Amino acid sequence: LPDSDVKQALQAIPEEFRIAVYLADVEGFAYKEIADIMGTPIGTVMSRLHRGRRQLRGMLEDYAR
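Using the deposited numbering, you'd call the opening residue of the sequence shown number 143 and step up by one each time.
Here you go:
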């Protein structure tokens with residue numbers, strides 16, 4: 143999306159969602175591999191990705207002057 147102003151949006155999000163989002167959307171990991179990394183049910187990984195992307199969307203919307 144924007145610049146690596148991303149590390150900075152992401153850091154504004156709770157740790158749990160932030161890691162799911164970084165791993166999925168910055169690093170390109172598969173939800174099943176992220177479930178291994180995080181040691182959580184894949185369905186938990188998905189729920190954090192949704193909450194996490196929800197917030198994120200909320201920021202780049204604000205970044206519409």
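All C-beta atoms, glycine included, are put in the ideal place defined by N, C-alpha and C.
Are there 16 or more other CB atoms within 10 angstroms of the CB of residue 207, so buried, or fewer, so exposed?
exposed
Return the chain-ordered list of same chain residues with a C-beta closer than 6 Å to the C-beta of residue 159, the five sequence neighbours on each side being excluded.
190, 193, 194
Name the two residues that bound the continuous alpha helix (DSSP H) containing residue 182.
Note, residue 182: premise wrong, no alpha helix (DSSP H); not H, not E.
Which stretch, first to last residue, makes up the alpha helix (DSSP H) that contains residue 172?
Residue 172 -> no alpha helix (DSSP H), and no H or E assigned at all.
Restricting to Cα atoms, I'd like to know which of 183, 177, 155 is closest to residue 196.
155
Secondary structure of residue 202, DSSP reduced to three states
helix
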